[PDB]
Structure formats: structure tokens, C-alpha cells
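[1] Experimental coordinates for this protein are included below, preceded by the sequence.
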Amino acid sequence: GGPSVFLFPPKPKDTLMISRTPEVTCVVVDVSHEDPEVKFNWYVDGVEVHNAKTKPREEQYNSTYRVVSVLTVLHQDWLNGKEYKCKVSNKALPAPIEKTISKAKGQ
């Protein structure tokens with residue numbers, strides 16, 4: 001168990017209207033109170049990017065934290081099937097956890 005990572009695609013409509021802003025969201029749950037720091041590293045088709053924004057930790061019913069990082073994406077990039085990777089680091093993790101998502105597969 002310990003911290004877990006989930007990655008979500010942009011809202012379909014956001015990717016279809018240039019006026020909208022599509023974002024890929026990385027959620028980390030069960031982050032402990034003893035080791036609350038979480039580091040996020042994002043990559044697009046393998047290229048690390050730094051425009052991701054982290055949300056303030058949120059206390060959960062089970063006395064752990066939920067930490068979310070949001071990455072704005074280029075409409076074109078997503079529609080073309082570029083791959084988005086979120087790598088999560090935390091003291092309680094023997095190694096960083098990484099998830100990948102794209103319009104073609106996701107998960």
C-alpha cells in the first residue's frame with residue numbers, strides 16, 4: 001500500500017475548443033502526515049516539462065493527505081496522441097511511482 005498515484009485525461013470538450021484549457025491531472029493519495037512532501041516530475045513524449053502546478057495538500061478522512069498536480073496541455077499535443085507521464089516521489093516510497101496516459105491508451 002502506502003501512497004498511490006492516479007492520472008486523469010483532460011475533459012474531452014476542453015481539447016476541442018481552443019478557448020478552453022485542457023489539463024492532465026495527477027492525484028496522489030494516502031500521503032502520510034510523517035512524510036507529507038511529494039515531488040512531481042512530468043514528461044511529454046519523454047521530454048520533461050516544468051509548467052505543472054501543485055495544489056495544496058488536503059487532509060482526508062483517514063488522516064492522510066491527498067496531493068494533486070495539474071499540467072496544462074497543448075490541445076494539438078493531446079489530440080495527436082502525445083504521451084503524458086507523471087512521476088511521483090515521496091519518502092515512504094521505496095522508489096518513485098510513474099503513470100502514463102495518452103488519448104490512445106491512458107491508464
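    Sure thing, it's come through. Residues are numbered from 1 along each chain as shown.

[2] Not counting sequence-adjacent ones, nearest residue to the most centrally placed residue in the chain?
    Nearest to the centroid of the C-alpha atoms of the chain, with distances taken as Cα atoms, centre = their mean, sits residue 26, at 1.8 Å. Counting by Cβ to Cβ, 6 or more residues apart in numbering, residue 26 lies nearest to residue 86, which is 3.7 Å off, once chain neighbours are set aside. For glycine as for every other residue, the C-beta is placed from the backbone atoms N, C-alpha and C.

[3] Residue 53 now?
    Using Cβ to Cβ, 6+ apart and skipping the chain neighbours, the partner closest in space to residue 53 is residue 70 (5.4 Å).

[4] what residues are up against that neighbour?
    Residue 70 makes contacts with 23-26, 52-55, as judged by Cβ atoms under 8 Å, 6 or more residues apart in numbering.

[5] related to what we said a few turns ago, what residues are up against the residue nearest to the centre of the chain?
    Residues counted as contacts of residue 26 (Cβ under 8 Å, 6+ apart) are 5-8, 40, 42, 52, 68-71, 86, 88, 99.

[6] got the residues you listed as CSV, with secondary structure and distance to residue 32 columns?
    Written out in CSV, the entries for those read as follows (DSSP: H, G, I helix; E, B strand; the rest coil; distance: Cβ to Cβ, whole Å):
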residue, secondary structure, distance to residue 32
5, strand, 15
6, strand, 17
7, strand, 21
8, strand, 23
40, strand, 17
42, strand, 23
52, coil, 22
68, strand, 16
69, strand, 18
70, strand, 22
71, strand, 24
86, strand, 19
88, strand, 14
99, strand, 20
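
[7] Could you count how many residues lie near residue 29?
    Summarising burial for residue 29: neighbours were counted as other Cβ atoms under 10 Å, giving 16.
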